[PDB]
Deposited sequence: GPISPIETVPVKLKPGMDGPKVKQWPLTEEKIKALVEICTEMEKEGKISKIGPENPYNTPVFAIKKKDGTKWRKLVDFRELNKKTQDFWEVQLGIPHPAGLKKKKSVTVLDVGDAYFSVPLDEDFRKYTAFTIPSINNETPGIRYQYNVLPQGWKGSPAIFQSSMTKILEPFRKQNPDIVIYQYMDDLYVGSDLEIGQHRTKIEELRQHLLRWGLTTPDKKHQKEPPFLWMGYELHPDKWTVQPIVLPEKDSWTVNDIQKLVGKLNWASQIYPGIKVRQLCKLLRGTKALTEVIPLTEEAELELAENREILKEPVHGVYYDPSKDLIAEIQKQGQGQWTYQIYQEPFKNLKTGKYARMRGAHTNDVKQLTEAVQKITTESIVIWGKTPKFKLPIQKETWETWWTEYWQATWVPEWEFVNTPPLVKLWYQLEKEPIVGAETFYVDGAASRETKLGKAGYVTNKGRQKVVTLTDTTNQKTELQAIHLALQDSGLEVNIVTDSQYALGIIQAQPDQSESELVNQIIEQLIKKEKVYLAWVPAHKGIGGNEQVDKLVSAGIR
């Protein structure tokens, strides 16, 4: 017989004492019939005054154990993550058995039973009602899934040992059973499995009632030799609400695991800020373009293949621009196991080599989850671009196995700063200042050749003025220039050569630096009496401090 699992309430807690509300004569009639039958089968038992607990009958799971569940101890949680289909192996024959009487077949710990008490009220509600408690795992009780799965694992272990070659995956009340046997020998094994389970009282569909593939599971459609997602319909609307757009991003994110090149960043931008769910939101033309491409991606049918453990995994990444990356994992060319995307959701000034390295880290982690090993990468970046960036960067990384692949847009460093000051080039000392109160600011430079400039800005910050000041020095200098700033912020943005970001000032600066042929950029501490820095500081802080 199946042995009970000892289960305790959380420290310091008693069981539920929730009052049962009255019900219509029709509800009581149906409950009495259901419970009379459950009592005959031994799943519940009548109780009396010795039990002080109660839980309401479920009002449209026979009983609503939300309170018992809060008071019940925690469990090691069962099926935390789901398998991803791309991690499964190809099989000749596949079967799914739904276990009919799963919870009813597992006894509940004897001293825990009293906490599951519930009452069918009388119709008059002037006379006491019929009280019961559970003898088996109740539907809806926090513990039933973990205890049932643990019982099913012990039951399956003898069978797995005699049948090493048969894959059994347990998922809720279902068993998925895969083999490489021809269908006749598979069905012989299925029936032996059914017999094994029946010795413990577990009932399953017979051959005439077993479903045939493909199997619908967790939104996937599983074939013996491939998987896909069930169809994906994007509504066509002239006007979009916030809630409509949220629905899109979820469908598109769900599609991106098998449909390559999906992009969502322009639709995500439209969800920032306050917004009631009903508010109609006007679609940007960038949103409209990206929605357009996604519609064209989803017109064509796709499928994923399963994992051949004897071949290397290969991951290939493409830049889609504006901080978006897309990837494909395969073992044989043009047969994707899965796809995905990677986006830096914060609008930071991340460098392209660095964004690519995070995509790699995201894919490496996902690949260890699904296949237990890391792939070989094919990256749109030359080995020397990668080497110069990372040996010049303060942060450590490590991508063990990758190779260049010439599919544009390639990742490349757009400019290189000098490591030594340029002889004969003008030295600019730049500076900025702003007031927090008024958002009024100034930016400017002074020069060793005697030149100087100050510009006044509105709706600005200390940070933008320091960038504005560097903008000015770049704009008004020759093709060779030395620049001295006291902002390590502005210097770090420039040394960490950003991709095209959201800030139009930063893009302008990056444009100016491409066209230059020698730029040396240097940092000095503020307020130390350093010449040049001192003169420009007096200039830009005049109408500000």
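- Annotation: deposited residues 1-4, 65-73 are not represented by C-alpha coordinates in the model.
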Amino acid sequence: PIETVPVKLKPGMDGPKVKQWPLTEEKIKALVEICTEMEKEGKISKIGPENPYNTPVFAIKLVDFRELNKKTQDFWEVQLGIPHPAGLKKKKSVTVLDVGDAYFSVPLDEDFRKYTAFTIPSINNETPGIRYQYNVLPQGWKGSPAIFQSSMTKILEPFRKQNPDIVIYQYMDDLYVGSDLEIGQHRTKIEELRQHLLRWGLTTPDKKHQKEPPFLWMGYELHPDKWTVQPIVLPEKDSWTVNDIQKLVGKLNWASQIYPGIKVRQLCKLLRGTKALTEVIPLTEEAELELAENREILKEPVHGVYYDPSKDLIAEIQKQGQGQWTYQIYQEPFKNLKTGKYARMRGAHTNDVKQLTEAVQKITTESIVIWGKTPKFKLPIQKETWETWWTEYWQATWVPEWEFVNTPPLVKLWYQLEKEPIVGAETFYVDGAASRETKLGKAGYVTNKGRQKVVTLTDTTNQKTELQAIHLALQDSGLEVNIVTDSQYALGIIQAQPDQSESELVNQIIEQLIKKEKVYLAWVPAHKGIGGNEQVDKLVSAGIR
From here on, numbers count along this sequence of modelled residues.
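- Per-stretch averaging of Cα B factors for 66-74 and 26-34 places 26-34 on top.
- When the mean C-alpha temperature factors of 220-228 and 76-84 are read from the deposited coordinates, 76-84 comes out higher.
- Out of 185, 149, 416, 318, it is 416 whose C-alpha atom has the highest B-factor in the PDB entry.
- Based on the entry's C-alpha B-factors, the most elevated value among 92, 436, 303, 362 belongs to 436.
- Sorting the modelled residues of the chain by their CA temperature factor places residue 509 in the middle third.
- Annotation for residue 11: CA B-factor lies in the highest third of the chain's modelled residues.
- Ranked within its chain, residue 407 lands in the highest third, by CA B factor from the PDB record.
- Annotation for residue 485: C-alpha temperature factor in the lowest third relative to the rest of the modelled chain, per the entry.
- Sort the chain's modelled residues by C-alpha temperature factor and residue 261 lands in the lowest third, per the entry.
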